[PDB]
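Okay, so here's the structure we're looking at.
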Number of protein chains: 2
Amino acid sequence: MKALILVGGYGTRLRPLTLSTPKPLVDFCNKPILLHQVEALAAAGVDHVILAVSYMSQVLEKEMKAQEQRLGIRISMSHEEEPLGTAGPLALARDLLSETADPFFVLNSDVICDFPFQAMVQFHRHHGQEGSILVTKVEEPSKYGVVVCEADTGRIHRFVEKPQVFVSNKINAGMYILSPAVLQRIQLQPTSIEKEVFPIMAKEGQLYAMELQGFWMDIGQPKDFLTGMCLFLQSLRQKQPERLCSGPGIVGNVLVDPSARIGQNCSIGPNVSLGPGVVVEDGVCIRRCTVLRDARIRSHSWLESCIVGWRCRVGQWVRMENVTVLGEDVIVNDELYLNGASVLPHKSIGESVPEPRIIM
Amino acid sequence: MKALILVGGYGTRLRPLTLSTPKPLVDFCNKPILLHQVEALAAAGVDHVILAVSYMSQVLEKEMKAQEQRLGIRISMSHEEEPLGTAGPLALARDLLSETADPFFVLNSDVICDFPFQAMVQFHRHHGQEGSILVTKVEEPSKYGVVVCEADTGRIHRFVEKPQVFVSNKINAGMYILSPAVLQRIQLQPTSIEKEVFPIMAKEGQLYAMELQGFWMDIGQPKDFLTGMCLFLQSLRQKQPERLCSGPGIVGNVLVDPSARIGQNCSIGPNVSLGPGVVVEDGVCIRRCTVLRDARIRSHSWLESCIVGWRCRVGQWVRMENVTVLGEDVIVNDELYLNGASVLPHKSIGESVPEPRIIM
Ligand SMILES: Nc1nc2c(ncn2[C@@H]2O[C@H](COP(=O)(O)OP(=O)(O)O[C@H]3O[C@H](CO)[C@@H](O)[C@H](O)[C@@H]3O)[C@@H](O)[C@H]2O)c(=O)[nH]1
Ligand SMILES: Nc1nc2c(ncn2[C@@H]2O[C@H](COP(=O)(O)OP(=O)(O)O[C@H]3O[C@H](CO)[C@@H](O)[C@H](O)[C@@H]3O)[C@@H](O)[C@H]2O)c(=O)[nH]1
Ligand SMILES: [Mg+2]
Ligand SMILES: [Mg+2]
């Protein structure tokens with residue numbers, strides 16, 4: 001029983017945080033998102049997880065080394081001297097997938113959702129064919145590829161990976177189960193699975209469609225990070241009300257790390273996740289924001305729908321709103337108004353930005 | 001000796017403040033604008049003052065006779081039916097100035113400066129002509145009437161109401177002394193004094209000029225009101241350093257009324273005048289602003305180059321900048337941003353203003 005994760009890649013959409021660390025390694029509610037996916041695969045029970053590293057590949061490999069001994073599950077990397085796309089890692093790991101005649105999971109690392117994994121392999125055993133997709137309805141189609149879905153069998157009549165304005169509402173949830181019979185069709189050259197093998201596979205009608213229960217979201221865009229974090233905090237309050245912090249100054253659904261410190265006389269708005277090692281001073285209001293690790297936020301400041309990078313210092317009386325992303329080790333001077341600014345790492349801002357723009 | 005102050009002008013430039021209370025009654029460094037002038041006229045030793053205001057406002061009619069026994073000098077007013085310009089007040093009040101053969105003072109209500117009234121009056125007694133003006137050098141002469149001064153004879157060759165050709169650098173500063181004789185040049189019919197009667201007086205040579213010493217500023221405009229306040233605070237620091245409030249949480253030239261209450265752990269920036277009865281909470285940073293009376297500013301908020309009207313309640317974590325003006329009885333919700341927003345009285349605001357505009 002082996003599962004595949006397309007880790008790495010460039011991650012060009014989440015850019016001001018992915019300049020410093022790779023996209024699977026960024027902290028989504030005090031844990032990396034790849035860590036969430038491998039907790040799900042370890043909870044389902046998988047001996048071997050194959051993982052492809054096309055990016056930095058030091059500081060992604062050492063964390064997998066460390067996490068193998070905490071999970072107790074054997075992990076493998078495959079990497080490549082050139083980017084094989086998202087299809088080509090199947091052809092690279094074809095032998096280590098081919099020695100066992102088991103169906104294998106295929107996951108995108110940016111996807112966070114409730115994980116239907118072994119209900120999905122029961123679905124795959126029921127219909128009996130080679131390829132199963134996950135499908136979730138999403139309001140805007142053009143973000144993510146769309147499938148045509150029928151009633152009982154769920155056989156996909158027609159596939160298209162880049163949607164038109166009104167072609168369909170059901171979106172590919174980016175989570176697949178592939179048999180060993182499909183890697184004989186894939187080639188060694190760098191291709192992309194979401195467009196090459198799915199169109200030709202949709203010609204035969206071997207693809208079937210598994211629905212999802214709830215809160216499917218990608219974290220690839222920096223806005224999508226925030227709304228997916230809000231959805232995950234809601235569903236975490238559903239499942240584990242224990243874990244969310246309750247306090248008199250805390251309103252809504254707030255997740256605080258133990259090493260994080262909250263100064264008194266301050267309000268924490270809804271849907272806020274505080275990383276490990278942060279310190280929030282007296283009289284700070286922060287709503288719908290994600291603060292990563294070791295970040296200091298000074299007194300009398302207001303932050304709303306923002307992402308604060310690692311080792312960031314926010315001055316006093318700073319107002320940040322509208323998806324202002326701060327890179328790693330960014331120092332913000334006091335009495336500044338940031339609206340919509342994505343700030344590149346190791347930068348300091350002298351003056352306020354009134355409009356959304358990228359600060360180099 | 002008599003003195004005529006021109007008030008008029010319900011809607012000249014201080015508009016959200018004048019919607020509630022007439023222009024000479026609003027507070028400028030914890031004193032009304034008229035009260036600065038009539039205190040300087042008491043220091044001049046004038047015997048009777050008369051204000052010509054084209055509207056009968058009942059509250060100021062209470063105020064003047066309430067003031068005149070502390071002042072020691074009787075105060076009268078003169079009301080015209082339709083506004084006769086700025087000369088018609090002198091023509092309508094001709095009898096009170098013509099009954100005694102002494103020079104009389106003419107003032108504008110918006111002009112505030114150090115008033116050199118004994119030096120001015122002697123200067124008029126020494127030169128002995130029909131009218132003496134006070135001029136001052138300003139960087140931009142376009143807004144003001146600009147005189148040409150002869151060297152050491154203070155005689156004015158030319159008086160133009162407006163420039164547009166840069167006749168000179170020195171401007172009329174709103175300070176006239178007029179003889180009884182020039183009473184018969186004016187007519188009861190509506191006209192304007194600085195447009196009409198000064199030019200033909202300067203053609204003869206009866207107009208004379210004296211240059212002020214320091215910090216002339218108009219406070220007609222609200223943007224001009226703030227810089228006039230910041231300039232008066234520095235000159236008042238030179239004159240009365242012990243009147244200006246000093247403290248560890250207080251930075252720069254700050255004038256605090258003893259009834260005002262300032263909370264703990266907050267930094268009052270430079271050039272800030274607080275009204276009587278204001279309440280400043282914890283962590284409020286106020287720079288270059290003027291807070292009128294009974295106005296409460298809640299905690300953790302930042303205000304910079306702003307005017308706060310009477311009986312105002314400002315929410316927490318609010319950021320106000322770019323010369324914003326609140327009218328009377330204005331309540332601002334918490335976590336808002338006001339940039340350039342001029343606000344009408346008795347209006348509550350529940351949205352942030354991104355750009356300068358007027359809110360009704
Ligand atoms: N090793 C390797 N991995 C890669 C490469 N390119 C992409 N990957 C992995 O492939 C996954 C998807 O890549 P994206 O480029 O972020 O995909 P997308 O534009 O968001 O669209 C795809 O994902 C959506 C769901 O997240 C799908 O809905 C959509 O149809 C499509 O499959 C990511 O986790 C990334 O790590 C590569 O060149 N090399
Ligand atoms: N009674 C009455 N008084 C008036 C009227 N109009 C103006 N006043 C008063 O006359 C003074 C001048 O009015 P403004 O219209 O505001 O003049 P300005 O644009 O500021 O220019 C004048 O004053 C400048 C200094 O403040 C001068 O530099 C300039 O030469 C000019 O005289 C103010 O005190 C105003 O209250 C009126 O129609 N009737
Ligand atoms: Mg993606
Ligand atoms: Mg003016």
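All residue names refer to the structure tokens as shown: chains lettered A, B, ... in order, residues numbered from 1 in each chain, ligands numbered from 1 in order.
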(request) Find the residues in chain B near chain A: any atom within 7 Å counts, using only C-alpha atoms. Write them as a list in words. (result)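 Result: residues 283, 300, 302 and 317 of chain B.
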(request) Could you find all residues in segment 1-90 of chain B that DSSP calls strand (DSSP E) from the backbone, and write them as number ranges by chain? (result) B: 2-6, 48-52, 75-78
Save out the residues we just selected, N, CA and C atoms, as an mmCIF file, in the first residue's frame.
data_model
loop_
_atom_site.group_PDB
_atom_site.id
_atom_site.type_symbol
_atom_site.label_atom_id
_atom_site.label_comp_id
_atom_site.auth_asym_id
_atom_site.auth_seq_id
_atom_site.Cartn_x
_atom_site.Cartn_y
_atom_site.Cartn_z
ATOM 1 N N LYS B 2 -11.974 103.181 19.285
ATOM 2 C CA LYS B 2 -12.943 102.143 18.966
ATOM 3 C C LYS B 2 -12.308 101.117 18.037
ATOM 4 N N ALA B 3 -12.966 99.965 17.915
ATOM 5 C CA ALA B 3 -12.422 98.871 17.124
ATOM 6 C C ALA B 3 -13.551 98.056 16.517
ATOM 7 N N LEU B 4 -13.493 97.863 15.206
ATOM 8 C CA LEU B 4 -14.494 97.121 14.459
ATOM 9 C C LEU B 4 -13.894 95.812 13.971
ATOM 10 N N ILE B 5 -14.524 94.703 14.338
ATOM 11 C CA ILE B 5 -14.114 93.371 13.916
ATOM 12 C C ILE B 5 -15.147 92.855 12.928
ATOM 13 N N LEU B 6 -14.695 92.430 11.754
ATOM 14 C CA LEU B 6 -15.600 91.876 10.756
ATOM 15 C C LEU B 6 -15.740 90.378 10.993
ATOM 16 N N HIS B 48 -14.085 100.458 23.470
ATOM 17 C CA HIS B 48 -15.338 99.818 23.091
ATOM 18 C C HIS B 48 -15.103 99.053 21.799
ATOM 19 N N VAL B 49 -15.555 97.802 21.744
ATOM 20 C CA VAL B 49 -15.431 96.997 20.535
ATOM 21 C C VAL B 49 -16.816 96.746 19.958
ATOM 22 N N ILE B 50 -16.854 96.561 18.645
ATOM 23 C CA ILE B 50 -18.094 96.319 17.920
ATOM 24 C C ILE B 50 -17.820 95.287 16.837
ATOM 25 N N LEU B 51 -18.584 94.203 16.849
ATOM 26 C CA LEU B 51 -18.458 93.149 15.853
ATOM 27 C C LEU B 51 -19.645 93.227 14.902
ATOM 28 N N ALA B 52 -19.361 93.198 13.609
ATOM 29 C CA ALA B 52 -20.404 93.257 12.595
ATOM 30 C C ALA B 52 -20.577 91.866 12.005
ATOM 31 N N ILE B 75 -19.161 95.594 24.713
ATOM 32 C CA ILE B 75 -19.139 94.960 23.400
ATOM 33 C C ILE B 75 -20.479 95.215 22.728
ATOM 34 N N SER B 76 -20.451 95.722 21.501
ATOM 35 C CA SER B 76 -21.672 95.907 20.733
ATOM 36 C C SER B 76 -21.549 95.188 19.402
ATOM 37 N N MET B 77 -22.691 94.982 18.757
ATOM 38 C CA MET B 77 -22.724 94.296 17.478
ATOM 39 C C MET B 77 -23.602 95.071 16.515
ATOM 40 N N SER B 78 -23.374 94.845 15.228
ATOM 41 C CA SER B 78 -24.114 95.543 14.187
ATOM 42 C C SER B 78 -24.524 94.559 13.104
#
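Contacts with ligand 3 are defined as any residue atom within 8 Å of a ligand atom, using only C-alpha atoms and all ligand atoms; the residues meeting this criterion are residues 11, 13, 108, 110, 111, 218, 219, 220 and 221 of chain A.
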Could you take the residues named above and write them with C-alpha atoms, as a compact mmCIF listing (two decimals), in the first residue's frame?
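Output saved as out-v9.txt:
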# COMPACT_ATOMS: atom_id res chain seq x y z
CA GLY A 11 5.18 27.25 -6.11
CA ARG A 13 1.59 31.53 -6.77
CA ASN A 108 -1.25 17.51 -4.68
CA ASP A 110 -1.23 22.36 -1.82
CA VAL A 111 -4.63 20.73 -1.26
CA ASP A 218 -6.12 24.97 -2.26
CA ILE A 219 -3.50 27.02 -0.43
CA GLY A 220 -1.51 27.90 -3.56
CA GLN A 221 -2.64 31.46 -3.76
(message) Matching each Cα of chain A to the same-order Cα of chain B and superposing by least squares, what RMSD do you find?
(response) 1.0 Å
(message) So, with only C-alpha atoms and all ligand atoms as the atoms that count, which of B:236, B:64, B:308, B:173 lies closest to ligand 4?
(response) B:173
(request) Kindly provide, as a PyMOL selection string, all nucleotide and amino acid residues lying within 8 Å of ligand 1, counting only C-alpha atoms and all ligand atoms. (result) chain A and resi 5-11+13+23-24+52-55+79-80+83-89+107-111+143-146+161-162+171-175+190+192-195+217-218+220
(message) Give me, as number ranges by chain, all polymer residues having an atom no more than 12 Å from residue 295 of chain B, counting only C-alpha atoms and skipping those fewer than 3 positions away in the same chain.
(response) B: 260-261, 274-281, 290-292, 298, 307-315, 326-332
(message) Let me make sure I understand: among B:65, B:346, B:287, B:203, which one has the smallest atom-to-atom distance to residue 230 of chain B if we use only C-alpha atoms?
(response)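 Smallest separation from residue 230 of chain B among the options: B:287.
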(request) Take atom CA of residue 343 of chain B and atom CA of residue 306 of chain B and report the distance between them in Å, one decimal. (result)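 A separation of 11.7 Å between them.
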(request) Would you mind listing what lies within 8 Å of segment 121-126 of chain A as a count of residues only, with only C-alpha atoms counted and same-chain residues fewer than 6 positions away left out? (result) 3
